[PDB]
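Okay, so here's just one chain, in structure tokens, the form deposited in one PDB entry.
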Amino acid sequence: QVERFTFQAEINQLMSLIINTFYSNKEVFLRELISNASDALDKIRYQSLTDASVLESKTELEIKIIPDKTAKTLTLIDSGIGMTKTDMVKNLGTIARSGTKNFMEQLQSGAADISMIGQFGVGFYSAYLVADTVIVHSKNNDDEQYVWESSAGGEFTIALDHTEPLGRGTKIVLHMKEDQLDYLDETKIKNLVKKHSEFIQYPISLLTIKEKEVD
């Protein structure tokens, strides 16, 4: 079963602005997504300080990053608190803070910059600086694994996830744009992850997939 939702008006503007207009430091997306991953890890960790049984679904607190040149995807997986179905609609389809709604006017006027999008809990959408389509798989202890998809257009979808179980956490899949495929190159992404994760307290693994014909 697939359930359709409309983005809240501001989110469409934020997304239109991100997609339609232009920015020069697209690499901030990685910083934002790694920061979200760390936040989620912080959340489950803080829960485990009062109740260590929350960690049972997946004991490792870590981030995994997988560039796939063949699939043209960059995937980021964290074992954070994950999102329930309601959490997904809220966190990926709405703006909560009224302060964030004002910031959208300072951003749209050009006074504010894309790189500060994270200070208002919307750094996620910076993924559309490099990806035409973004898939989010998420699993929270108090609910089932759901999968969230959007390619903008004023709408997103959510379904029960039947792909590989996460145990607990969030998997974001960016279907890269053709012009932004070098983010899947080993040296590029390694240095960018190193740069944008210096203060992150969690381990971060970078996967490299090499393919050679036998001869």
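Whichever C-alpha set is largest while still superposing within 1.5 Å between the two forms counts as the rigid core. Sequential numbering from 1, following the sequence displayed. Shifts are known only where both forms have a C-alpha.
Not on display, but discussed next: the form deposited in another entry.
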property: Only residue that shifts (Cα, 2 Å or more, rigid core superposed) between the shown form and the other one, among 73, 100, 133, 84; result: 100
property: CA-CA separation of residue 157 and residue 108, closer or farther in that other deposited form than in the form shown [shift of 3 angstroms or more]; result: farther
property: Distance direction in that other deposited form for the C-alpha atoms of residue 8 and residue 108, relative to the displayed form (3 angstroms or more); result: farther
property: Displacement runs between the shown form and the other one, C-alpha, 2 Å or more, three or more consecutive residues, core aligned; result: 94 to 111, 209 to 212
